[PDB]
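Spelled out from the first residue to the last, the chains are:
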Amino acid sequence: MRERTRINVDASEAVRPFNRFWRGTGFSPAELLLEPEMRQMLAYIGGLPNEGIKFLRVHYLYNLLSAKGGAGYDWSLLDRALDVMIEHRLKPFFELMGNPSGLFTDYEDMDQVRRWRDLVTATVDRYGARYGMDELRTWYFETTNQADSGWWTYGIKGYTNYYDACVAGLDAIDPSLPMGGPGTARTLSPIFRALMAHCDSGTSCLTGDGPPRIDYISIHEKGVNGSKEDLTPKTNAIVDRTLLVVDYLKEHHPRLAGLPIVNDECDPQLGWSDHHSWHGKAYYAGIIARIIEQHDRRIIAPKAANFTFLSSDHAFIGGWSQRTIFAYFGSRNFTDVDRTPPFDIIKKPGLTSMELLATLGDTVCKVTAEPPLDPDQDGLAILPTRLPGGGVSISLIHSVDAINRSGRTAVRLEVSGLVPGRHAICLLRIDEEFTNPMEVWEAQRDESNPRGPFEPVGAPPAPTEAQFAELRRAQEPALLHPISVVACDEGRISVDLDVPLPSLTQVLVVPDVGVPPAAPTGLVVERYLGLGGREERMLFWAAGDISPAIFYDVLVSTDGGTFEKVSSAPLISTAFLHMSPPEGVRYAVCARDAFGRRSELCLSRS
Ligand SMILES: Cc1cc(=O)oc2cc(O[C@@H]3O[C@@H](C(=O)O)[C@@H](O)[C@H](O)[C@H]3O)ccc12
Ligand SMILES: Cc1cc(=O)oc2cc(O[C@@H]3O[C@@H](C(=O)O)[C@@H](O)[C@H](O)[C@H]3O)ccc12
């Protein structure tokens, strides 16, 4: 419902601060953290620009513990699970949840309540020692998930004592460790209302002296109900129900109403493992961004509430059509790598969309559009930000709730108010033609000829090595056009964009700092086996600094010969899966800025 829009973004005019408030994902159960598939996934998840994903919300961490007869527990599985997060620069959004060796049966029994308190205290004590208390203090702790679905039994009172025990457990070591909840699934459920009453008036069953503290309020609100049918996400209703909850707090518990509000599981549709094919396509990138933009425009900007964090729950392991950030190819079903079944994973739009969004800056700029933008009616939305050091990062979102709608509009994008001097314009796109590995896969001929030679089919369930190389080129956030460098003496740039429905476009306009970018650091190389037992190496590294619009190449030397490039697309994330390394392989990673300059140093190892 629009043909051409002229959009002017004025980088010289700051409107308000901008936070990237969506930098989280999650999955269940905690045991996946011990599997090699998840280990590989965490390299991609921890490699987004500027901590583009920072928190993992993993269910049933305490099922990793078991009672060692006595006071304590065998911590060794939990240690491995937390260590993999920390090692990939991820932090737990730590749900105090699970039941070590089934020991907990009754939260009204005050000896159990006290034992739970002691478990929480022991957790904080151990991990504060293992990683440092500075690390611990960057975490968030949460109540056990739902509790308004299959909360074993325990009741409202059990729940409220459980909360008390969590809070007293953290307070024994450090009261500044943030605690919140209830992480309820249904809007204004009994559990939710009860915890709010308890934390407002109400008194802790372990102290006896006022309500237990609450540092944030968390709920799950999702776009549409679980179904085998492709029901249509209602994205604006997520914000409507969140504001309803806030209204409930303003009326009934005004002392809590200004607290940080968290949607700890914000997905377009309930039921991750149902098959909804749009999870593999640009629709999902569009819709994640659309949900984000609605929260920014309707909650944060007018200050209707202190909305602080939105976590997706899309790091489950599964196929193209499930709510997963990778498509898993291999023999395992989740609904030493020489022991376990080999596998390949391909990035999907749930992750690439977050790669693009991770590039956003820290300040909202003024934007004017003609005709004026009306995202709730026609689907064209914008997140226009200024980067530290100058320049802009703009997300242009063309997304509607309906899955089955296509089309395109024209945008003339103008950016003014830049500091004069050269700038580079980088255009990244997720749509049907770009960053589109599922489309590529569907068009690949299945060489196993499962319907015989006269009926070729696509979508090979076991792609060839060459097919996988084609998918891995397509899986990376793609340049819509080659980067252009503009000598903008007037501090203006402009560009024409063809904007499909659905699509996500990231426009980066970055100044020339005058020197090559900083070299990458901390290169880790690990062995995996791909489908058919093919040798593979996963590379993970860190950016040399916080510069915008940095792209990485991966090179290979054998066994001393000069380095040749082995990455296909320029990488914006600090992770790369390499297939079939030669003998005596040495890896090197180079950073490239948008002006074509290579980091003077490459980072080596193997
Ligand atoms: C769960 C939760 C509660 C809360 O009050 O704040 C959070 C902040 C979270 O991310 C931080 O959000 C911004 C901030 O609080 O300053 C960002 O600027 C931080 O970098 C980020 O860690 C994640 C989870 C929560
Ligand atoms: C059973 C159930 C009832 C309900 O009213 O709401 C729910 C919300 C739920 O939230 C999340 O849903 C899952 C999903 O959407 O597939 C997962 O994303 C999360 O693990 C779960 O916490 C899970 C179960 C229920």
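This entry, as listed in the PDB, derives from X-ray crystallography and reports a resolution of 2.20 Å.

### As for the packing of helix 6 (residues 190–200) against helix 7 (residues 235–252)
Close contact between helix 6 and helix 7 brings their axes to 12 Å; oriented N to C, the two are set at 35°. Where helix 6 crosses over helix 7, the two elements pack in a sense that is right-handed. Where helix 6 abuts helix 7, its residues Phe192, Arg193, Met196 and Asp200 lie against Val245, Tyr248, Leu249 and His252. Looking at side-chain class alone, the contact of helix 6 with helix 7 contains five nonpolar, one polar and two charged residues.

### A closer look at the packing of helix 5 (residues 155–171) against helix 6
With their axes 10 Å apart at the nearest point, helix 5 and helix 6 run at an angle of 50° to one another. The pairing of helix 5 with helix 6 is recorded here as oblique in orientation. Here helix 5 and helix 6 pass one another in a crossing that is right-handed. Touching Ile156, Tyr159, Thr160, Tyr163 and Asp164 of helix 5 are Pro190, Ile191, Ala194, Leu195, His198 and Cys199, all from helix 6. Residue composition of the contact of helix 5 with helix 6, grouped by class: eight nonpolar, two polar and one charged.

### As for the sheet that holds strand 2 (residues 24–27)
Sheet architecture is open: eight strands sit in the order 2-3-6-7-8-9-10-11, paired in parallel fashion. Sheet topology places strand 2 and strand 11 (307–310) at the edges, where each strand pairs with a single neighbour. Pairwise comparison of adjacent strand axes, ignoring direction, gives a mean angle of 25° for this sheet. Pairing of strand 2 with strand 3 (residues 55–58), which is carried by four bridges, proceeds in the parallel orientation.

### Section: the site of ligand 1
Around ligand 1 sit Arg23, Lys54, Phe55, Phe93, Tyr140, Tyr216, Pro260, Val262, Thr308 and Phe309, and those are all the residues in its vicinity. In this structure, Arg23 approaches ligand 1 through a side-chain N or O atom, which is 3.3 Å from an oxygen atom. Measuring from an oxygen atom of ligand 1, one finds a side-chain N or O atom of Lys54 at 2.8 Å. The residue makeup of the shell around ligand 1, split by class, is seven nonpolar, one polar and two charged.

### Points about the site of ligand 2
Not every one of the 15 residues close to ligand 2 is listed here, only the nearest: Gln146, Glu265, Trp272, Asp313 and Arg323. Contact between ligand 2 and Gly271: an oxygen atom at 3.1 Å from a main-chain N or O atom of the residue. Taking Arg323, its side chain carries an N or O atom lying 2.5 Å from an oxygen atom of ligand 2. Here the residues of the shell around ligand 2 sort into four nonpolar, six polar and five charged.

### Topic: the domain arrangement of the protein chain
Frequently, the measure chosen for interface size is the accessible area removed from exposure when the parts meet. As far as domains go, the protein chain holds domain 1 (1–18 + 362–514), domain 2 (19–361) and domain 3 (515–606). Placing a centre on the C-alpha atoms of domain 2 and another on those of domain 3 gives a separation of 32 Å. Each side of the interface is counted separately: domain 2 has 22 residues, and domain 3 has 19 residues. Both faces considered, domain 2 and domain 3 share a buried interface measuring about 1800 Å² in area, 57% of it formed by carbon and sulfur atoms. For the interface between domain 2 and domain 3, the tally reads three salt bridges. Ionic pairing is found between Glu526 and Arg39, a salt bridge with its closest N-O pair at 2.7 Å. Taken together, the links from domain 2 to domain 3 amount to 11 residue pairs in polar contact.

### Some details on the side chain of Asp267
For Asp267, the location among the structural elements is in the loop between strand 10 (261–263) and helix 8 (282–300). A distance of 2.7 Å separates polar atoms of two side chains, one belonging to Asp267 and the other to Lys222. Looking at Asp267, its side chain comes within polar contact range of the side chain of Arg323, at 3.4 Å. When sequence neighbours within four positions are dropped, the list of residues in contact with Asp267 reads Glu221, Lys222, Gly223, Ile238, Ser312, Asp313, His314 and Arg323.

### Section: the packing of aromatic side chains
For the structure on display, the rule yields 41 aromatic pairs. Geometrically, the ring pair formed by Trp278 and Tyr283 is edge-to-face, given 5.2 Å between the ring centres and 65° between the ring planes. Here the two residues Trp278 and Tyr283 agree in accessibility, since each one is buried. We note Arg57 situated over the ring of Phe93; from NZ or CZ to the ring centre the distance is 5.7 Å.

### Observations concerning helix 3 (residues 110–131)
Here helix 3 contains 22 residues, and its C-alpha end-to-end distance of 31 Å stays within 8% of the 32 Å for a straight helix at 1.5 Å per residue. Those residues of helix 3 that are buried are in contact with strand 5 (73–74), helix 2 (76–87), strand 6 (91–95), helix 4 (133–137), strand 7 (140–142) and helix 5. Two or three places before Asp111, at the start of helix 3, stands the capping residue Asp109, its side-chain oxygen 2.9 Å from that residue's backbone nitrogen. With its phi angle positive at about 95°, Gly132 sits one or two positions after the end of helix 3.

### Points about the state of the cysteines
When the sulfur atoms of two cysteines share a covalent bond, that bond is a disulfide. In this structure the tally under the stated criterion is one disulfide. A sulfur-sulfur distance of 2.1 Å marks the disulfide that ties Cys590 to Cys602. Looking down the S-S bond of the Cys590 and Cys602 bridge, the torsion is 115°, so its handedness is right-handed. Of this pair, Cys590 sits in strand 28 (residues 586–592) while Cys602 sits in the loop between strand 28 and strand 29 (603–605), placing them 12 residues apart in sequence. Residue classification places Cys602 among the partly exposed positions, given a relative accessible area of 24%. The closest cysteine sulfur to the non-disulfide-bonded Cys205 is located on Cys166, 11 Å from its own sulfur.

Parameters and conventions
Residues numbered from 1 in each chain as written, not as in the entry; some residues may be left out. Chains lettered and ligands numbered in written order. Heavy atoms only, no water. Residues with missing side-chain atoms left out of burial classes, pairs and counts. Axes fitted to C-alpha atoms, helices over the stretch in contact; angles between N-to-C directions. Helix = DSSP H or I, 4+ residues; strand = E, 2+ residues; numbered from the N terminus. Left-handed = near helix turned anticlockwise from the far one by under 90°. Contact = heavy atoms within 4.5 Å. Nonpolar A, V, L, I, M, F, W, Y, C, P; charged D, E, K, R; others polar. Parallel < 35°, antiparallel > 145°, perpendicular 65-115°, else oblique. Pairing = 2+ DSSP bridges. Near = heavy atom within 4 Å. Polar contact = N/O pair within 3.5 Å; in protein donor to acceptor, adjacent residues only side chain to side chain. Domains from an automatic or database assignment. Buried area = accessible area lost by both parts, 1.4 Å probe. Salt bridge = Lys/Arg side-chain N within 4 Å of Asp/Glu carboxyl O. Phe/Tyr/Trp six-rings, centres within 6.5 Å; stacked < 30°, edge-to-face > 60°. Buried < 20%, exposed > 50% of the residue type's maximum accessible area, 1.4 Å probe, protein only. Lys NZ or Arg CZ within 6 Å of the ring centre and 35° of its normal. Expected span 1.5 Å × (residues − 1). Disulfide = S-S within 2.5 Å.

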